[PDB]
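Chemist: Provided herewith: upload.cif, mmCIF, C-alpha atoms.
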data_entry
#
loop_
_atom_site.label_atom_id
_atom_site.label_comp_id
_atom_site.auth_asym_id
_atom_site.auth_seq_id
_atom_site.Cartn_x
_atom_site.Cartn_y
_atom_site.Cartn_z
CA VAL A 1 53.25 -5.38 -11.45
CA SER A 2 50.84 -7.50 -13.48
CA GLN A 3 51.59 -11.15 -12.64
CA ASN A 4 51.21 -14.02 -15.13
CA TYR A 5 52.20 -17.62 -14.39
CA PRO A 6 52.11 -19.89 -17.42
CA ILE A 7 54.79 -22.61 -17.30
CA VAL A 8 56.11 -24.37 -20.40
CA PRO B 1 33.28 -24.65 -3.97
CA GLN B 2 33.20 -22.15 -6.83
CA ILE B 3 35.95 -19.54 -7.13
CA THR B 4 35.42 -16.55 -9.41
CA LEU B 5 38.29 -14.81 -11.17
CA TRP B 6 37.69 -11.16 -10.26
CA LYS B 7 40.84 -11.44 -8.16
CA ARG B 8 43.68 -13.97 -8.07
CA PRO B 9 42.22 -17.36 -7.06
CA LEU B 10 44.07 -17.75 -3.76
CA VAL B 11 43.39 -20.65 -1.40
CA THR B 12 44.93 -22.12 1.73
CA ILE B 13 47.00 -25.27 1.40
CA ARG B 14 48.74 -27.52 3.90
CA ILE B 15 52.20 -28.84 3.08
CA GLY B 16 55.25 -30.02 4.99
CA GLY B 17 53.38 -29.21 8.18
CA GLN B 18 52.80 -25.61 7.08
CA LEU B 19 49.73 -23.64 6.01
CA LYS B 20 50.25 -21.32 3.06
CA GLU B 21 48.33 -19.18 0.59
CA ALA B 22 48.55 -20.46 -3.00
CA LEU B 23 47.15 -19.56 -6.43
CA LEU B 24 45.10 -22.11 -8.41
CA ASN B 25 46.98 -22.04 -11.72
CA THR B 26 45.52 -23.77 -14.78
CA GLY B 27 48.40 -22.39 -16.84
CA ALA B 28 50.98 -24.77 -15.38
CA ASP B 29 51.17 -28.54 -15.01
CA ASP B 30 53.69 -28.26 -12.17
CA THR B 31 53.13 -26.96 -8.65
CA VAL B 32 55.76 -24.47 -7.46
CA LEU B 33 56.18 -23.21 -3.90
CA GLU B 34 58.23 -20.36 -2.49
CA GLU B 35 61.53 -21.36 -0.89
CA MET B 36 60.91 -23.63 2.10
CA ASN B 37 63.21 -26.07 3.88
CA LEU B 38 61.47 -29.40 3.16
CA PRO B 39 63.15 -32.65 4.29
CA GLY B 40 63.89 -35.52 1.92
CA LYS B 41 65.77 -36.13 -1.31
CA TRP B 42 65.18 -34.06 -4.43
CA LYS B 43 66.37 -33.55 -8.00
CA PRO B 44 67.44 -30.34 -9.79
CA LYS B 45 65.04 -28.97 -12.38
CA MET B 46 64.58 -25.89 -14.57
CA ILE B 47 61.14 -24.41 -15.26
CA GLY B 48 60.25 -21.59 -17.61
CA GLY B 49 57.55 -19.10 -18.48
CA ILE B 50 57.19 -15.35 -18.93
CA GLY B 51 60.54 -13.79 -18.07
CA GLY B 52 62.58 -16.94 -18.63
CA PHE B 53 63.70 -19.87 -16.49
CA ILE B 54 64.40 -20.39 -12.78
CA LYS B 55 66.12 -23.21 -10.89
CA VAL B 56 64.05 -25.29 -8.47
CA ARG B 57 64.20 -28.43 -6.32
CA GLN B 58 61.86 -31.27 -7.25
CA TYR B 59 60.25 -33.21 -4.40
CA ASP B 60 58.12 -36.29 -5.12
CA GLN B 61 55.19 -37.93 -3.32
CA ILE B 62 54.54 -34.91 -1.12
CA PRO B 63 51.15 -34.74 0.64
CA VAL B 64 49.39 -31.43 -0.07
CA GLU B 65 45.93 -30.50 1.20
CA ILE B 66 44.06 -27.83 -0.77
CA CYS B 67 41.05 -26.32 1.00
CA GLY B 68 40.40 -29.60 2.77
CA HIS B 69 40.95 -31.64 -0.39
CA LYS B 70 43.82 -34.11 -0.09
CA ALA B 71 46.37 -34.57 -2.85
CA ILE B 72 49.86 -35.99 -3.18
CA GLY B 73 52.44 -35.53 -5.89
CA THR B 74 55.42 -33.61 -7.17
CA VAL B 75 56.17 -30.20 -5.73
CA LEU B 76 58.89 -27.84 -6.94
CA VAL B 77 60.56 -25.48 -4.47
CA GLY B 78 62.51 -22.41 -5.51
CA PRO B 79 62.63 -18.61 -5.98
CA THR B 80 59.15 -18.33 -7.48
CA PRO B 81 57.45 -14.96 -6.97
CA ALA B 82 54.33 -16.86 -5.82
CA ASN B 83 53.05 -20.23 -4.56
CA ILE B 84 51.47 -21.90 -7.61
CA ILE B 85 49.16 -24.92 -7.63
CA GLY B 86 49.40 -26.61 -11.05
CA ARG B 87 47.21 -29.05 -12.97
CA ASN B 88 49.06 -32.04 -11.52
CA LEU B 89 47.35 -31.44 -8.17
CA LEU B 90 44.26 -29.62 -9.48
CA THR B 91 43.05 -32.79 -11.18
CA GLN B 92 43.53 -34.73 -7.95
CA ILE B 93 41.02 -32.49 -6.17
CA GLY B 94 38.56 -32.62 -9.06
CA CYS B 95 38.97 -29.00 -10.14
CA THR B 96 37.49 -27.81 -13.43
CA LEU B 97 37.03 -24.60 -15.42
CA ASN B 98 33.43 -23.76 -16.30
CA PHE B 99 31.73 -21.16 -18.50
CA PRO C 1 31.35 -26.07 -21.06
CA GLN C 2 33.14 -27.89 -18.24
CA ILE C 3 36.85 -28.43 -18.84
CA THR C 4 38.94 -30.97 -16.93
CA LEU C 5 42.65 -30.38 -16.37
CA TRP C 6 44.35 -33.64 -17.35
CA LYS C 7 45.41 -31.87 -20.54
CA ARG C 8 46.34 -28.23 -21.14
CA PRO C 9 43.22 -26.01 -21.38
CA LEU C 10 43.77 -25.04 -25.02
CA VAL C 11 41.06 -23.25 -26.96
CA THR C 12 40.61 -21.49 -30.27
CA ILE C 13 40.07 -17.74 -30.24
CA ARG C 14 39.43 -15.09 -32.87
CA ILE C 15 41.17 -11.72 -32.71
CA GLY C 16 41.88 -9.06 -35.31
CA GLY C 17 39.98 -11.33 -37.67
CA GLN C 18 42.51 -14.16 -37.26
CA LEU C 19 42.09 -17.53 -35.53
CA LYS C 20 44.64 -18.64 -32.92
CA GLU C 21 45.13 -21.14 -30.11
CA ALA C 22 45.41 -19.95 -26.52
CA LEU C 23 45.67 -21.39 -23.02
CA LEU C 24 43.04 -20.59 -20.37
CA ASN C 25 45.26 -19.33 -17.55
CA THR C 26 43.75 -18.66 -14.13
CA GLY C 27 47.26 -17.84 -12.91
CA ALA C 28 47.54 -14.85 -15.21
CA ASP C 29 46.16 -11.41 -14.37
CA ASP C 30 46.23 -10.47 -18.06
CA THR C 31 45.86 -11.85 -21.58
CA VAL C 32 49.24 -12.12 -23.32
CA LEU C 33 49.76 -13.20 -26.93
CA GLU C 34 52.90 -13.89 -28.94
CA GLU C 35 54.19 -11.19 -31.30
CA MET C 36 51.51 -10.13 -33.79
CA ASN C 37 49.98 -7.08 -35.44
CA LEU C 38 46.85 -5.51 -33.96
CA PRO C 39 44.99 -2.44 -35.25
CA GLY C 40 44.99 0.76 -33.22
CA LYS C 41 47.26 2.44 -30.73
CA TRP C 42 49.21 0.64 -28.02
CA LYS C 43 51.26 1.66 -24.99
CA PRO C 44 54.54 0.22 -23.60
CA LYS C 45 54.10 -1.90 -20.48
CA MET C 46 56.06 -4.31 -18.28
CA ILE C 47 54.67 -7.51 -16.75
CA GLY C 48 55.98 -10.25 -14.48
CA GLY C 49 56.21 -14.00 -14.91
CA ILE C 50 57.72 -17.10 -13.32
CA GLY C 51 61.15 -16.22 -14.72
CA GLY C 52 61.09 -12.45 -14.41
CA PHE C 53 59.80 -9.35 -16.18
CA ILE C 54 59.28 -8.61 -19.88
CA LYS C 55 58.22 -5.65 -22.02
CA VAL C 56 54.93 -5.85 -23.92
CA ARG C 57 52.62 -3.70 -26.04
CA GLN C 58 49.26 -2.94 -24.42
CA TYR C 59 46.22 -2.74 -26.70
CA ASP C 60 42.95 -1.66 -25.09
CA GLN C 61 39.33 -2.51 -25.85
CA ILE C 62 40.17 -5.32 -28.27
CA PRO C 63 37.40 -7.75 -29.33
CA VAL C 64 38.26 -11.40 -28.66
CA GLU C 65 36.02 -14.41 -29.23
CA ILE C 66 36.95 -17.31 -26.97
CA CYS C 67 35.34 -20.68 -27.69
CA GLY C 68 32.39 -18.81 -29.16
CA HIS C 69 32.13 -16.39 -26.24
CA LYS C 70 32.60 -12.68 -26.80
CA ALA C 71 34.93 -10.50 -24.79
CA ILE C 72 36.30 -7.01 -25.42
CA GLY C 73 39.25 -5.91 -23.34
CA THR C 74 42.97 -5.47 -22.82
CA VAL C 75 45.36 -7.68 -24.77
CA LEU C 76 49.12 -7.67 -24.25
CA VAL C 77 51.56 -8.63 -27.00
CA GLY C 78 55.13 -9.67 -26.34
CA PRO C 79 57.68 -12.47 -25.83
CA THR C 80 55.34 -14.81 -23.98
CA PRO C 81 56.14 -18.54 -24.36
CA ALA C 82 52.53 -19.17 -25.36
CA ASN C 83 49.28 -17.33 -26.05
CA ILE C 84 47.39 -17.11 -22.78
CA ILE C 85 43.92 -15.96 -21.81
CA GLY C 86 44.11 -14.27 -18.42
CA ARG C 87 41.60 -13.31 -15.76
CA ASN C 88 40.73 -9.96 -17.34
CA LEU C 89 39.03 -11.82 -20.21
CA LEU C 90 38.16 -15.04 -18.37
CA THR C 91 35.85 -13.03 -16.10
CA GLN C 92 34.17 -11.58 -19.20
CA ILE C 93 33.05 -14.98 -20.47
CA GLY C 94 31.94 -16.02 -16.99
CA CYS C 95 34.69 -18.57 -16.35
CA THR C 96 35.09 -19.94 -12.81
CA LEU C 97 37.07 -22.66 -11.03
CA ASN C 98 35.07 -25.47 -9.43
CA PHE C 99 35.84 -28.45 -7.17
#
How does this structure look as structure tokens?

Modeler:
Amino acid sequence: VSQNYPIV
Amino acid sequence: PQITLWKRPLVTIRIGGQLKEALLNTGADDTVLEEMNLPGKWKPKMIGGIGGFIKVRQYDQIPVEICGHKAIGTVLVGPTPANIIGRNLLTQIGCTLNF
Amino acid sequence: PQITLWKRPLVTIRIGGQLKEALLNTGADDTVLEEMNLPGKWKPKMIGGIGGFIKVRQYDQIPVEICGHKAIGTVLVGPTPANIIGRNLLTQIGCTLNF
């Protein structure tokens, strides 16, 4: 559920 | 304006003639929007993060208005689980992090 | 301090007595760090990212100093592509987005 959006 | 982080920093944006809800994301340089049928040419691209990589379509020179602040640049369209506004456009609207 | 977004928002943090580099991520609900050892008990958890879902170890009430600012909260450890400081801790140091 927890959403995390880092993008390399 | 000043947006706290108690909840996801969601804002309204205008793109391709549509109004959408997007998340201000300092953790990405790119801007990624949920699948939408935008006109114009594009180039294939792969982007990665937690969970791995996904395939997206890269559109250039696309006008995007964020909470009344105009911007224009590259936008990626694909199966992202959320509309993400990256640093490429955040700098254009003069957005900073402060503490 | 005020941080612009032309470059990645990288900062030095201190956790478990060790110094590390992390990315201030407003697009992350939680704080996720690359594989490491942390004292105390942890619980299995699953989180989502741009590419999908991953399994992580959840450590609660962990002290973390970010750019000289103290926070004590949840820290997730798993196969993240980079150490990130999420909203759960960003709110603790009073970080906000401004434009």

Chemist: List as JSON lines every residue of chain A that is in contact with chain B, defined as an atom at most 7 Å from one of its atoms (using only C-alpha atoms), together with the nearest atom pair and the distance in Å rounded to one decimal, sorted by chain and then rising number.

Modeler:
{"residue": "A:5", "atom": "CA", "partner": "B:27", "partner_atom": "CA", "distance": 6.6}
{"residue": "A:6", "atom": "CA", "partner": "B:27", "partner_atom": "CA", "distance": 4.5}
{"residue": "A:7", "atom": "CA", "partner": "B:49", "partner_atom": "CA", "distance": 4.6}
{"residue": "A:8", "atom": "CA", "partner": "B:48", "partner_atom": "CA", "distance": 5.7}

Chemist: With chain C held fixed, move chain B onto it by a least-squares fit of all C-alpha atoms in order and give the output as an mmCIF file with C-alpha atoms, in the coordinates of the input.

Modeler:
data_model
loop_
_atom_site.group_PDB
_atom_site.id
_atom_site.type_symbol
_atom_site.label_atom_id
_atom_site.label_comp_id
_atom_site.auth_asym_id
_atom_site.auth_seq_id
_atom_site.Cartn_x
_atom_site.Cartn_y
_atom_site.Cartn_z
ATOM 1 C CA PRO B 1 31.473 -26.346 -21.452
ATOM 2 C CA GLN B 2 33.652 -28.075 -18.863
ATOM 3 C CA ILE B 3 37.404 -28.331 -19.425
ATOM 4 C CA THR B 4 39.425 -30.772 -17.333
ATOM 5 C CA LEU B 5 43.055 -30.153 -16.438
ATOM 6 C CA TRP B 6 44.702 -33.428 -17.473
ATOM 7 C CA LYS B 7 46.374 -31.413 -20.222
ATOM 8 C CA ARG B 8 46.861 -27.679 -20.770
ATOM 9 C CA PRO B 9 43.408 -26.071 -21.134
ATOM 10 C CA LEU B 10 43.770 -24.895 -24.733
ATOM 11 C CA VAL B 11 40.892 -23.293 -26.627
ATOM 12 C CA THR B 12 40.382 -21.463 -29.902
ATOM 13 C CA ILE B 13 40.005 -17.700 -29.813
ATOM 14 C CA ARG B 14 39.297 -15.087 -32.461
ATOM 15 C CA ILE B 15 41.217 -11.817 -32.369
ATOM 16 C CA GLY B 16 42.290 -9.153 -34.838
ATOM 17 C CA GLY B 17 40.679 -11.237 -37.557
ATOM 18 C CA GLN B 18 42.774 -14.284 -36.645
ATOM 19 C CA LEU B 19 41.990 -17.643 -35.049
ATOM 20 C CA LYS B 20 44.520 -18.847 -32.499
ATOM 21 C CA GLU B 21 45.018 -21.491 -29.829
ATOM 22 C CA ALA B 22 45.204 -20.049 -26.299
ATOM 23 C CA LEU B 23 45.527 -21.324 -22.720
ATOM 24 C CA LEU B 24 42.857 -20.473 -20.117
ATOM 25 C CA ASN B 25 45.059 -19.052 -17.355
ATOM 26 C CA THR B 26 43.593 -18.367 -13.910
ATOM 27 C CA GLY B 27 47.073 -17.438 -12.698
ATOM 28 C CA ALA B 28 47.146 -14.104 -14.525
ATOM 29 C CA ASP B 29 44.823 -11.108 -14.624
ATOM 30 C CA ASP B 30 46.210 -9.986 -17.988
ATOM 31 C CA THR B 31 45.802 -11.652 -21.372
ATOM 32 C CA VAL B 32 49.046 -12.022 -23.340
ATOM 33 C CA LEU B 33 49.329 -13.042 -26.989
ATOM 34 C CA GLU B 34 52.319 -14.075 -29.064
ATOM 35 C CA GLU B 35 53.764 -11.366 -31.305
ATOM 36 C CA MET B 36 51.181 -10.267 -33.875
ATOM 37 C CA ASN B 37 50.935 -7.092 -35.941
ATOM 38 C CA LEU B 38 47.712 -5.554 -34.569
ATOM 39 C CA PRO B 39 46.645 -2.087 -35.795
ATOM 40 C CA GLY B 40 45.931 0.802 -33.441
ATOM 41 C CA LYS B 41 47.685 2.741 -30.702
ATOM 42 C CA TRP B 42 49.275 1.046 -27.707
ATOM 43 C CA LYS B 43 51.303 1.716 -24.567
ATOM 44 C CA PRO B 44 54.534 0.069 -23.341
ATOM 45 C CA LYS B 45 54.219 -2.272 -20.381
ATOM 46 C CA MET B 46 56.327 -4.746 -18.399
ATOM 47 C CA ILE B 47 54.871 -7.994 -17.045
ATOM 48 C CA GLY B 48 56.534 -10.525 -14.787
ATOM 49 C CA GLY B 49 56.305 -14.070 -13.513
ATOM 50 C CA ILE B 50 58.508 -17.152 -13.294
ATOM 51 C CA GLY B 51 61.775 -16.322 -15.036
ATOM 52 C CA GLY B 52 61.429 -12.557 -14.717
ATOM 53 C CA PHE B 53 59.916 -9.778 -16.817
ATOM 54 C CA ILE B 54 59.249 -9.262 -20.533
ATOM 55 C CA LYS B 55 58.308 -6.168 -22.540
ATOM 56 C CA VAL B 56 54.903 -6.079 -24.234
ATOM 57 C CA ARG B 57 52.537 -3.750 -26.100
ATOM 58 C CA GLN B 58 49.227 -2.950 -24.423
ATOM 59 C CA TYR B 59 46.152 -2.717 -26.652
ATOM 60 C CA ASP B 60 42.798 -1.618 -25.209
ATOM 61 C CA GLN B 61 39.177 -2.356 -26.136
ATOM 62 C CA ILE B 62 40.092 -5.290 -28.359
ATOM 63 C CA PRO B 63 37.281 -7.710 -29.285
ATOM 64 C CA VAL B 64 38.229 -11.311 -28.452
ATOM 65 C CA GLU B 65 35.959 -14.319 -28.948
ATOM 66 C CA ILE B 66 36.713 -17.385 -26.817
ATOM 67 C CA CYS B 67 35.027 -20.601 -27.950
ATOM 68 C CA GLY B 68 32.068 -18.635 -29.249
ATOM 69 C CA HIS B 69 31.919 -16.436 -26.152
ATOM 70 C CA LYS B 70 32.417 -12.749 -26.915
ATOM 71 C CA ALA B 71 34.654 -10.545 -24.800
ATOM 72 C CA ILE B 72 36.420 -7.222 -25.182
ATOM 73 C CA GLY B 73 39.247 -5.714 -23.196
ATOM 74 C CA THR B 74 42.962 -5.207 -22.807
ATOM 75 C CA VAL B 75 45.335 -7.493 -24.652
ATOM 76 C CA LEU B 76 49.119 -7.495 -24.305
ATOM 77 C CA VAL B 77 51.274 -8.482 -27.278
ATOM 78 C CA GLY B 78 54.895 -9.532 -26.973
ATOM 79 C CA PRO B 79 57.489 -12.348 -26.852
ATOM 80 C CA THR B 80 55.435 -14.624 -24.607
ATOM 81 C CA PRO B 81 56.183 -18.340 -24.975
ATOM 82 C CA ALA B 82 52.408 -18.940 -25.207
ATOM 83 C CA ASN B 83 49.043 -17.256 -25.858
ATOM 84 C CA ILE B 84 47.524 -16.694 -22.399
ATOM 85 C CA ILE B 85 43.912 -15.816 -21.596
ATOM 86 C CA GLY B 86 43.814 -14.060 -18.203
ATOM 87 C CA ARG B 87 41.097 -13.387 -15.634
ATOM 88 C CA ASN B 88 40.246 -10.042 -17.231
ATOM 89 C CA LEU B 89 38.584 -11.876 -20.126
ATOM 90 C CA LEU B 90 37.745 -15.112 -18.280
ATOM 91 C CA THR B 91 35.242 -13.278 -16.095
ATOM 92 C CA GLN B 92 33.628 -11.762 -19.181
ATOM 93 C CA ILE B 93 32.770 -15.228 -20.499
ATOM 94 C CA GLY B 94 31.534 -16.423 -17.113
ATOM 95 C CA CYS B 95 34.370 -18.864 -16.454
ATOM 96 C CA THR B 96 34.785 -20.425 -13.016
ATOM 97 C CA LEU B 97 36.929 -23.017 -11.238
ATOM 98 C CA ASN B 98 34.995 -25.855 -9.611
ATOM 99 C CA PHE B 99 35.884 -28.739 -7.291
#

Chemist: Give me the result of the PyMOL selection byres ((chain C and resi 55-66) around 7) on this file, residue by residue, as a PyMOL selection string.

Modeler: chain C and resi 12-15+41-47+54+67-78

Chemist: Distance CA of residue 2 in chain C-CA of residue 98 in chain B, one decimal place?

Modeler: 4.6 Å

Chemist: Work out how far CA of residue 2 in chain A is from CA of residue 1 in chain B, in Å to one decimal.

Modeler: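 Straight-line distance from CA of residue 1 in chain B to CA of residue 2 in chain A works out to 26.3 Å.
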
Chemist: Could you write out as a list in words the residues that the PyMOL selection byres ((chain C and resi 33) around 6) matches in the shown file?

Modeler: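 Written out, the selection comes to residues 32, 34, 77 and 83 of chain C.
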
Chemist: Rounded to one decimal, what separation in Å do you get between CA of residue 79 in chain C and CA of residue 24 in chain C?

Modeler: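 Separating CA of residue 79 in chain C from CA of residue 24 in chain C is a distance of 17.6 Å.
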
Chemist: With all atoms listed in the file as the basis for distance, which of C:85, C:39, C:4, C:19 is at the shortest distance from chain B?

Modeler: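 Of C:85, C:39, C:4, C:19, the one nearest chain B, counting all atoms listed in the file, is C:4.
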
Chemist: Using all atoms listed in the file, which residue out of B:38, B:97, B:7, B:90 lies closest to residue 3 in chain A?

Modeler: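 So, comparing all the options, the nearest one is B:7.
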
Chemist: What would range 63-81 of chain B look like with N, CA, C and O atoms in place, written as a PDB file, keeping the file's coordinate frame?

Modeler:
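Generated output (result_5.pdb):
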ATOM      1  N   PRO B  63      52.567 -34.940   0.338  1.00  0.00           N
ATOM      2  CA  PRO B  63      51.150 -34.740   0.640  1.00  0.00           C
ATOM      3  C   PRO B  63      50.843 -33.243   0.683  1.00  0.00           C
ATOM      4  O   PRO B  63      51.550 -32.480   1.341  1.00  0.00           O
ATOM      5  N   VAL B  64      49.797 -32.834  -0.024  1.00  0.00           N
ATOM      6  CA  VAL B  64      49.390 -31.430  -0.070  1.00  0.00           C
ATOM      7  C   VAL B  64      47.869 -31.373   0.056  1.00  0.00           C
ATOM      8  O   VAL B  64      47.158 -32.004  -0.723  1.00  0.00           O
ATOM      9  N   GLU B  65      47.369 -30.626   1.036  1.00  0.00           N
ATOM     10  CA  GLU B  65      45.930 -30.500   1.200  1.00  0.00           C
ATOM     11  C   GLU B  65      45.519 -29.116   0.714  1.00  0.00           C
ATOM     12  O   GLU B  65      46.085 -28.110   1.138  1.00  0.00           O
ATOM     13  N   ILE B  66      44.544 -29.079  -0.187  1.00  0.00           N
ATOM     14  CA  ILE B  66      44.060 -27.830  -0.770  1.00  0.00           C
ATOM     15  C   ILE B  66      42.609 -27.595  -0.366  1.00  0.00           C
ATOM     16  O   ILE B  66      41.705 -28.272  -0.849  1.00  0.00           O
ATOM     17  N   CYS B  67      42.391 -26.631   0.523  1.00  0.00           N
ATOM     18  CA  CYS B  67      41.050 -26.320   1.000  1.00  0.00           C
ATOM     19  C   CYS B  67      40.318 -27.571   1.458  1.00  0.00           C
ATOM     20  O   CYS B  67      39.163 -27.798   1.090  1.00  0.00           O
ATOM     21  N   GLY B  68      41.003 -28.386   2.254  1.00  0.00           N
ATOM     22  CA  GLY B  68      40.400 -29.600   2.770  1.00  0.00           C
ATOM     23  C   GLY B  68      40.393 -30.772   1.810  1.00  0.00           C
ATOM     24  O   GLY B  68      39.926 -31.852   2.159  1.00  0.00           O
ATOM     25  N   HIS B  69      40.896 -30.565   0.598  1.00  0.00           N
ATOM     26  CA  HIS B  69      40.950 -31.640  -0.390  1.00  0.00           C
ATOM     27  C   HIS B  69      42.372 -32.181  -0.436  1.00  0.00           C
ATOM     28  O   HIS B  69      43.314 -31.457  -0.753  1.00  0.00           O
ATOM     29  N   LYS B  70      42.515 -33.460  -0.106  1.00  0.00           N
ATOM     30  CA  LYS B  70      43.820 -34.110  -0.090  1.00  0.00           C
ATOM     31  C   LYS B  70      44.374 -34.448  -1.461  1.00  0.00           C
ATOM     32  O   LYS B  70      43.648 -34.868  -2.361  1.00  0.00           O
ATOM     33  N   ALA B  71      45.680 -34.268  -1.603  1.00  0.00           N
ATOM     34  CA  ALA B  71      46.370 -34.570  -2.850  1.00  0.00           C
ATOM     35  C   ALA B  71      47.774 -34.998  -2.467  1.00  0.00           C
ATOM     36  O   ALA B  71      48.189 -34.835  -1.319  1.00  0.00           O
ATOM     37  N   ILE B  72      48.495 -35.564  -3.423  1.00  0.00           N
ATOM     38  CA  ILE B  72      49.860 -35.990  -3.180  1.00  0.00           C
ATOM     39  C   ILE B  72      50.569 -36.145  -4.517  1.00  0.00           C
ATOM     40  O   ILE B  72      50.094 -36.841  -5.414  1.00  0.00           O
ATOM     41  N   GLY B  73      51.695 -35.458  -4.654  1.00  0.00           N
ATOM     42  CA  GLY B  73      52.440 -35.530  -5.890  1.00  0.00           C
ATOM     43  C   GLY B  73      53.697 -34.691  -5.877  1.00  0.00           C
ATOM     44  O   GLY B  73      54.205 -34.314  -4.819  1.00  0.00           O
ATOM     45  N   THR B  74      54.195 -34.376  -7.063  1.00  0.00           N
ATOM     46  CA  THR B  74      55.420 -33.610  -7.170  1.00  0.00           C
ATOM     47  C   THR B  74      55.262 -32.124  -6.883  1.00  0.00           C
ATOM     48  O   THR B  74      54.344 -31.467  -7.364  1.00  0.00           O
ATOM     49  N   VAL B  75      56.179 -31.605  -6.079  1.00  0.00           N
ATOM     50  CA  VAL B  75      56.170 -30.200  -5.730  1.00  0.00           C
ATOM     51  C   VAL B  75      57.564 -29.645  -5.995  1.00  0.00           C
ATOM     52  O   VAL B  75      58.560 -30.275  -5.646  1.00  0.00           O
ATOM     53  N   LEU B  76      57.621 -28.484  -6.641  1.00  0.00           N
ATOM     54  CA  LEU B  76      58.890 -27.840  -6.940  1.00  0.00           C
ATOM     55  C   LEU B  76      59.073 -26.672  -5.975  1.00  0.00           C
ATOM     56  O   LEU B  76      58.142 -25.901  -5.728  1.00  0.00           O
ATOM     57  N   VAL B  77      60.268 -26.558  -5.409  1.00  0.00           N
ATOM     58  CA  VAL B  77      60.560 -25.480  -4.470  1.00  0.00           C
ATOM     59  C   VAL B  77      61.702 -24.618  -4.991  1.00  0.00           C
ATOM     60  O   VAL B  77      62.764 -25.123  -5.352  1.00  0.00           O
ATOM     61  N   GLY B  78      61.482 -23.311  -5.021  1.00  0.00           N
ATOM     62  CA  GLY B  78      62.510 -22.410  -5.510  1.00  0.00           C
ATOM     63  C   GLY B  78      62.108 -20.957  -5.405  1.00  0.00           C
ATOM     64  O   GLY B  78      61.095 -20.634  -4.790  1.00  0.00           O
ATOM     65  N   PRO B  79      62.891 -20.050  -6.008  1.00  0.00           N
ATOM     66  CA  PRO B  79      62.630 -18.610  -5.980  1.00  0.00           C
ATOM     67  C   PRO B  79      61.467 -18.129  -6.853  1.00  0.00           C
ATOM     68  O   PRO B  79      61.614 -17.196  -7.641  1.00  0.00           O
ATOM     69  N   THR B  80      60.307 -18.764  -6.715  1.00  0.00           N
ATOM     70  CA  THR B  80      59.150 -18.330  -7.480  1.00  0.00           C
ATOM     71  C   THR B  80      58.547 -17.109  -6.803  1.00  0.00           C
ATOM     72  O   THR B  80      58.542 -17.014  -5.576  1.00  0.00           O
ATOM     73  N   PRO B  81      58.048 -16.143  -7.589  1.00  0.00           N
ATOM     74  CA  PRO B  81      57.450 -14.960  -6.970  1.00  0.00           C
ATOM     75  C   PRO B  81      56.073 -15.232  -6.338  1.00  0.00           C
ATOM     76  O   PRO B  81      55.435 -14.326  -5.802  1.00  0.00           O
TER      77      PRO B  81
END
